[PDB]
Amino acid sequence: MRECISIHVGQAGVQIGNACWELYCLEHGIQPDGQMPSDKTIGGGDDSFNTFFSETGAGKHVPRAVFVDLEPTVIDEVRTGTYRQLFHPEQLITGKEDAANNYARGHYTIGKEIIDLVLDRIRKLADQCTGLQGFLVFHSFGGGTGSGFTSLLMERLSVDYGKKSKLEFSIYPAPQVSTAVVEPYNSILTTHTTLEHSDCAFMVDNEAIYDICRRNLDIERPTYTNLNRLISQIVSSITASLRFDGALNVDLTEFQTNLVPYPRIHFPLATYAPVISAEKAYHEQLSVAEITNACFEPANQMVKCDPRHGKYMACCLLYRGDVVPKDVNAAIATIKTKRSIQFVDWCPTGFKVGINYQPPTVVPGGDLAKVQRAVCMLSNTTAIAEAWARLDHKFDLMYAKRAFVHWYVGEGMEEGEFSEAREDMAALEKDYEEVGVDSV
Amino acid sequence: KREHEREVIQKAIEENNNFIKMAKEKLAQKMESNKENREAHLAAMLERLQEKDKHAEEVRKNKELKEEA
Amino acid sequence: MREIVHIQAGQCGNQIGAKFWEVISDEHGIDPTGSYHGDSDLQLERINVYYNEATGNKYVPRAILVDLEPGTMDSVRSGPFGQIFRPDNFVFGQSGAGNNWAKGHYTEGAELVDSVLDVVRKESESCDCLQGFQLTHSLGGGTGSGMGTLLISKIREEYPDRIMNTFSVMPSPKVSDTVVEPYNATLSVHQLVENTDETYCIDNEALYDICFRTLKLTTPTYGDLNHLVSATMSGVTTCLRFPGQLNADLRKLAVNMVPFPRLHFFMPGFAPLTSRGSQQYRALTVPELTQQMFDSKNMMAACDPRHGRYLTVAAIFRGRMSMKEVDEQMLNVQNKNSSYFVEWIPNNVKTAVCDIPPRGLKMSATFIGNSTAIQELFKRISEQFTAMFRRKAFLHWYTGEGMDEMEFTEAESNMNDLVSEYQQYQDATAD
Ligand SMILES: *[C@H]1CC(=O)C/C(C)=C\C=C\C(=O)O[C@H]([C@H](O)NC(=O)/C=C\C=C\C)C/C(C)=C/[C@@H]2CC(=C)C[C@H](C1)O2
Ligand SMILES: Nc1nc2c(ncn2[C@@H]2O[C@H](COP(=O)(O)OP(=O)(O)OP(=O)(O)O)[C@@H](O)[C@H]2O)c(=O)[nH]1
Ligand SMILES: Nc1nc2c(ncn2[C@@H]2O[C@H](COP(=O)(O)OP(=O)(O)O)[C@@H](O)[C@H]2O)c(=O)[nH]1
Ligand SMILES: N[C@@H](Cc1ccc(O)cc1)C(=O)O
Ligand SMILES: [Ca+2]
Ligand SMILES: [Mg+2]
Ligand SMILES: [Mg+2]
């Protein structure tokens with residue numbers, strides 16, 4: 001039942017959305033025209049996949065999703081592409097002029113012209129739900145729309161849906177693929193503004209994904225297409241418990257109980273395995289032990305940081321495919337007797353396990369080998385704060401000279417907003433230090 | 001105990017409503033301040049440009065008075 | 001944002017403007033009749049940024065041609081691609097500006113500017129989402145310099161939220177028409193500092209030196225200089241005209257390149273620039289492009305970047321090449337030149353690759369630098385200005401139009417302030 005509405009904001013949010021929804025269709029046997037032969041209840045139902053897809057009387061399975069961007073060219077590709085029939089046109093929303101890598105334009109100058117229309121479209125999706133659970137919001141930190149429009153939208157969703165859950169998948173900037181010098185300003189501004197409005201946020205460091213593609217898939221120079229296919233496998237792992245049933249399946253909301261010890265401490269670290277090429281996977285079966293071991297290898301993390309140099313407040317293992325508890329328990333025991341896994345003194349140390357039996361899927365033409373079993377670890381580690389420290393320092397370097405600040409002030413913002421946001425980030429860093437200190 | 005049960009749920013309701021009200025008010029204040037700020041920035045720019053037109057008139061006037069010689 | 005409106009004013013402005021349109025029309029597969037005859041869909045994907053589409057599948061440059069005398073524009077009309085321009089978009093007077101900024105800005109130019117604005121408005125009103133404007137002009141004459149900067153002010157008044165971009169040709173005694181060029185340039189820079197968002201400093205000094213020293217042209221003509229200018233203008237606009245991720249519009253370019261609003265004067269550069277003789281010995285490769293584009297000899301402003309520091313840099317490669325190699329070479333060049341990028345703007349060098357190379361090259365690179373060393377250009381002009389102004393040479397040409405000395409003093413001071421500001425940021429440190 002419990003429906004989830006996905007909102008894909010700006011270029012990164014939209015292109016990652018493309019990859020996710022394509023992958024979901026393949027996992028569920030939904031064709032590009034939205035038909036699903038295996039679904040025998042026409043025009044509706046309460047199957048697990050219905051959390052993410054509504055149905056029309058003509059048998060179309062329609063994503064519960066809105067795609068929004070302030071310029072039209074990325075969403076235009078969706079409108080004209082392979083899955084164009086999947087979406088009702090009103091779910092794909094564009095303006096004419098983008099935010100120009102400026103949070104201020106995304107939140108105020110341009111964003112304000114389209115925010116009411118976007119809310120109207122989201123309301124139309126919500127009115128079709130019988131038990132809406134919440135929202136999943138996909139966006140970059142660095143873009144003007146991804147940063148500024150997302151913030152505005154999150155603020156408005158708090159007002160219109162109260163404390164209905166809002167989760168983010170947030171794309172953290174990397175120099176190898178970034179397109180604006182001001183991305184650190186945009187990141188801090190949006191992180192500050194969204195913090196009280198988000199229940200849980202999964203950061204995806206483009207640099208971490210870039211190096212996984214280069215190192216584990218032998219891709220010379222990863223493109224967004226390469227990055228997004230990997231990201232979608234990870235998002236799929238996280239949402240699989242919402243979209244599939246199963247005796248050993250554990251709901252994402254139940255993992256969230258363990259992952260969020262205080263409202264602001266809501267940024268889990270995801271680590272995914274196995275990421276391997278067809279050439280390397282051939283004749284090589286990677287066992288539960290092997291993929292579990294890989295979750296404690298920092299090179300497989302979706303955010304660059306070193307958990308061996310922090311403390312854990314939760315560890316969750318989300319398995320999919322050919323996996324049974326006996327083998328998981330054995331792998332965990334081995335890891336316990338060999339790894340730098342130290343918990344804070346106020347949290348239990350047991351790992352929380354879920355298993356979804358539906359095996360992983362890959363998109364044709366992709367880089368990942370098709371495997372029989374995979375795992376996503378979600379941990380709450382103080383180490384994730386290193387990501388904020390890196391961004392915060394870049395912010396400080398430029399802000400000390402007020403470099404580029406006139407672009408924001410010109411669009412109506414005040415320096416006071418910059419210092420407020422940065423102070424909130426300094427407080428968040430301190431929060432992460434404090435939770436790690438032993439109890440008196 | 002029943003009185004306490006009633007108090008807990010009305011507390012929960014009150015805090016959720018207050019969270020909404022605060023979010024709504026903060027956003028309204030921010031959008032108004034931003035609008036006023038951007039408009040004032042535009043007005044300042046146009047004011048400067050209009051001064052230039054004033055100056056240009058002055059120059060052409062000055063030429064004409066020196067050609068009355 | 002999508003459409004750009006192009007304006008070209010004065011002799012220099014119309015001459016480099018015409019070449020710009022010839023060069024990019026070829027790149028986009030548009031012939032002199034405005035018909036398309038290309039092979040790649042990349043050529044048309046963003047064609048509307050620069051061209052209107054008319055009846056009969058014709059593409060018409062969104063271009064307005066302005067002058068206070070008919071001669072150059074007559075030659076444009078008769079030149080190649082001359083018939084491609086919209087005839088109603090030719091706006092010209094008969095009296096000329098006599099190489100006098102004051103006549104261009106306050107007198108003759110003022111009499112003509114409304115008819116020019118009428119055409120701008122007509123082009124702009126038909127735009128789906130106007131980005132802004134690009135103007136080509138010299139700063140050393142009267143029309144381009146004076147009327148061009150007048151047009152900038154008037155356009156800004158009607159389109160205050162759109163981006164104003166210029167390609168501004170700086171005067172040099174090596175390629176000199178008149179003795180008052182330093183006056184006209186200083187008065188013009190005064191306007192540009194206040195009223196444009198981004199300006200490409202196209203320096204006749206640099207163009208002459210590249211022609212004479214590098215290409216071994218004993219007597220460079222304006223044609224030789226303009227070939228370099230159009231190669232550069234092609235290069236710095238490729239991100240606007242072809243599909244891509246970086247600096248894809250005028251505002252995103254400004255947000256990446258301009259950290260302080262007055263410091264918006266860019267040093268453009270082009271590679272390769274090697275004589276045919278030396279090409280026998282030196283291969284055209286990505287590392288060669290990278291080293292050249294960061295060398296003083298390849299800059300189109302006569303400034304040495306190793307005498308200052310970069311605030312921000314855009315590097316655009318064109319042609320078929322390894323993305324991995326470009327990335328490695330750009331990392332290498334930043335490493336070897338670390339001191340010359342300000343430490344307090346992290347990740348301030350952005351890189352793009354466009355698959356379509358310039359005519360007649362397998363590959364090329366275009367450099368756009370916001371370097372504090374551009375102060376060398378402004379100091380050169382200032383030194384020439386002051387030499388004349390301290391003896392009040394030729395002032396009567398300007399006061400005769402109704403200006404007073406004070407306006408000269410103010411332009412001088414504003415340009416000297418600009419230099420001090422570059423120096424301040426050059427000297428700044430993170431600690
Ligand atoms: C203008 C062509 C023109 O009319 C003169 C002719 C036909 C060719 C000019 C070529 C040119 O100037 O070549 C340049 C360099 O000397 N070439 C190299 O250095 C090549 C190899 C180096 C290896 C180490 C570069 C130049 C400015 C080319 C431009 C490109 C463009 C936009 C069109 C313009 C056409 O040529
Ligand atoms: N992983 C991934 N990152 C992306 C993708 N597209 C853009 N990015 C990253 O997102 C940031 C740029 O923000 P965008 O999402 O492109 O910008 P936008 O939200 O459309 O905002 P404006 O264009 O400024 O209106 C940079 O850090 C890019 O590297 C994508 O498809 N996948
Ligand atoms: N690079 C280049 N410079 C030019 C050209 N024509 C004129 N100039 C320069 O422009 C300045 C003279 O201004 P000009 O455009 O002739 O005056 P206007 O007609 O009043 O705008 C001098 O510095 C010349 O060197 C040209 O075709 N190419
Ligand atoms: N020492 C504090 C740590 C803390 C961190 C973040 C918070 O938001 C709150 C508290 C505690 O455990 O109570
Ligand atoms: Ca059904
Ligand atoms: Mg965008
Ligand atoms: Mg001339």
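Order of the sequence lines fixes the chain letters, A, B, ..., with proteins taken first and strands second; residue numbering starts at 1 for each chain. Atom set for the values below is all heavy atoms of this structure, side chains included, hydrogens, waters and symmetry mates excluded.
Contacts of A/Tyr282 classified as ring-ring contact (aromatic ring centres under 6.0 Å, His included), with partners at least two apart in sequence or in another chain: none. Taking A/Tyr399 as the reference, A/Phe395, A/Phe418 meet the ring-ring contact (aromatic ring centres under 6.0 Å, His included) condition, with sequence neighbours excluded.
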*In sequence, state the C-alpha distance, the side-chain angles, and the governing distance for A/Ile93 and A/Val66, and then conclude on side chain to side chain contact (heavy atoms under 4.5 Å, CB included).*
CA-CA 8 Å; A/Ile93 301 167; A/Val66 174; 3.6 Å; yes
*Could you please spell out the steps behind the side chain to side chain contact (heavy atoms under 4.5 Å, CB included) verdict for A/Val182 and A/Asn102?*
CA-CA 8 Å; A/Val182 295; A/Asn102 188 338; over 6 Å; no
*How far apart are the C-alpha atoms of A/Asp251 and A/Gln256, what are their side-chain angles, what is the distance that settles it, and do they pass the side chain to side chain contact (heavy atoms under 4.5 Å, CB included) test?*
CA-CA 9 Å; A/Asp251 200 83; A/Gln256 284 177 252; over 6 Å; no
*So C/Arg320 and C/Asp355, salt bridge (charged side-chain N to carboxylate O under 4.0 Å, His left out) or not? Walk me through it.*
CA-CA 6 Å; C/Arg320 297 187 80 268; C/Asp355 293 338; over 6 Å; no
*Applying side chain to side chain donor-acceptor pair (under 3.5 Å), run through A/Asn186 and A/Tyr408 and close with a yes or a no.*
CA-CA 10 Å; A/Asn186 292 337; A/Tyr408 293 76; 2.7 Å; yes
*asked:* Let's go through C/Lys350 and C/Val313 carefully: what are the C-alpha distance in whole Å and the side-chain angles of both, what is the deciding distance for side chain to side chain contact (heavy atoms under 4.5 Å, CB included) to 0.1 Å, and is it a yes or a no?
replied: CA-CA 6 Å; C/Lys350 296 297 188 230; C/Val313 174; over 6 Å; no
_Working note: A/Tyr24 + A/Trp21, criterion ring pair (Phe, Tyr, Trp, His ring centres under 6.0 Å); need CA distance, chi angles, decisive distance, verdict._
CA-CA 5 Å; A/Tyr24 297 163; A/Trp21 287 101; 5.2 Å; yes
*May I have the step-by-step check of salt bridge (charged side-chain N to carboxylate O under 4.0 Å, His left out) for A/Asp76 and A/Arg79, ending in yes or no?*
CA-CA 5 Å; A/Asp76 275 340; A/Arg79 291 168 172 146; 2.9 Å; yes
*Carefully, step by step, assess A/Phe52 and A/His28 under the rule ring pair (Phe, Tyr, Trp, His ring centres under 6.0 Å).*
CA-CA 11 Å; A/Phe52 275 59; A/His28 294 297; 8.2 Å; no
*Could you go through the side chain to side chain donor-acceptor pair (under 3.5 Å) check for A/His8 and A/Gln15 one step at a time?*
CA-CA 8 Å; A/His8 297 276; A/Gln15 296 189 154; over 6 Å; no
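For the pair A/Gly354 and A/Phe255, the tightest heavy-atom approach, listed with the atom from each and the gap, is N-CZ, 3.7 Å.
Aromatic ring centres of A/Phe67 and A/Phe87: separated by under 6.0 Å. With ring centers used as reference points, A/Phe169 lies 6.0 Å or more from A/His139.
Within a 6.0 Å sphere centred on CD of A/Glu220, other residues, nucleotides and ligands contribute 12 heavy atoms or fewer. Surrounding NZ of C/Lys336 are at most 12 heavy atoms belonging to other residues, nucleotides or ligands under 6.0 Å away.
A salt bridge is absent between A/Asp98 and C/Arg251; no separation between the charged side-chain nitrogens and carboxylate oxygens falls under 4.0 Å. By the 4.0 Å N-to-carboxylate-O rule, A/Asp218 lies close enough to A/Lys280 to be salt-bridged with it. Contact check on A/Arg214 versus A/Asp211 returns a salt bridge, with a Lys/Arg side-chain nitrogen under 4.0 Å from an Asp/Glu carboxylate oxygen. Ion pairing between a basic and an acidic side chain is recognised when a charged N comes within 4.0 Å of a carboxylate O; A/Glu196 and A/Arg264 show no such pairing.
Without hydrogens or angle criteria, A/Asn380 side chain to A/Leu259 main chain gives a donor-acceptor distance under 3.5 Å. Judged by distance alone, the side chain of A/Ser187 and the main-chain N or O of A/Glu183 form a donor-acceptor pair under 3.5 Å. For A/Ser178 (side chain) and A/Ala180 (main-chain N/O), no donor-acceptor pair under 3.5 Å exists by modelled atom type. Checking side-chain atoms of C/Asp249 against main-chain N and O of C/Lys252 turns up a donor-acceptor pair under 3.5 Å. Formation of a donor-acceptor pair under 3.5 Å by the A/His266 side chain with backbone atoms of A/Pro263 is found in this model. The closest donor-acceptor contact from the side chain of A/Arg243 to the backbone of A/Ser236 lies under 3.5 Å. Counting only distance, with no hydrogens or angles, the side chain of A/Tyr185 and the backbone of A/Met398 share a donor-acceptor pair below 3.5 Å. Counting only distance, with no hydrogens or angles, the side chain of A/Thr51 and the backbone of A/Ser48 share a donor-acceptor pair below 3.5 Å. Under the 3.5 Å distance criterion, the side-chain polar atoms of A/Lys166 are matched with a main-chain donor or acceptor of A/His197. A/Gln91 contributes a side-chain N or O that, together with a main-chain N or O of A/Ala65, makes up a donor-acceptor pair within less than 3.5 Å.
Counting only N and O atoms by type, the side chains of A/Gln301 and A/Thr271 include no donor and acceptor under 3.5 Å apart. Side-chain contact check for A/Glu27 and A/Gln358: no donor-acceptor pair (N or O, by modelled atom type) lies under 3.5 Å. Side-chain contact, A/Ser140 with A/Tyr172: no donor N or O sits under 3.5 Å from an acceptor N or O. Side chain to side chain, A/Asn226 and A/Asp367 meet the donor-acceptor criterion of an N or O pair below 3.5 Å. A donor-acceptor contact closer than 3.5 angstrom is absent between the side chains of A/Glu71 and A/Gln11. Under 3.5 Å, the side chains of A/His309 and A/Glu386 contain no donor-acceptor pair of N or O atoms.
The closest side-chain heavy-atom distance from A/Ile16 to A/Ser232 is not below 4.5 Å. The shortest side-chain heavy-atom distance between A/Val435 and A/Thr382 falls under the 4.5 Å cut-off. With a 4.5 Å cut-off on side-chain heavy atoms, A/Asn293 and A/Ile335 count as touching. Contact of the A/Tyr83 side chain with the A/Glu22 side chain is registered, since non-hydrogen atoms from C-beta on lie closer than 4.5 Å. Between A/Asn300 and A/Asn216 there is a side-chain heavy-atom pair separated by less than 4.5 Å. Looking at heavy atoms from C-beta onward, A/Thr145 lies in side-chain contact with A/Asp69 at the 4.5 angstrom threshold.
Using a 30° and 60° split on the angle between ring planes, A/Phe267 and A/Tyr432 fall in the tilted class, from 30° to 60°.
The side chain to side chain contact (heavy atoms under 4.5 Å, CB included) with A/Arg373 is formed by just one residue from the set A/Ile355, A/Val288, A/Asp327; it is A/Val288. The residue from A/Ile291, A/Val328, A/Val323, A/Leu318 that alone fulfils the side chain to side chain contact (heavy atoms under 4.5 Å, CB included) condition with A/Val375 is A/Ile291.
Geometrically, A/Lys338 does not engage A/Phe296 in a cation-pi contact, judged by NZ or CZ lying under 6.0 Å from the ring centre and within 45° of the ring axis. Cation-pi geometry between A/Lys311 and A/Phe343 is not satisfied (NZ or CZ under 6.0 Å from the ring centre, within 45° of the ring normal).
Here the straight-line distance linking atom SG of A/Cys316 with atom CD1 of A/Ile238 works out to 10.5 Å at 0.5 Å rounding. To the nearest 0.5 angstrom, A/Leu252 atom CG is 8.0 Å from A/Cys4 atom SG.
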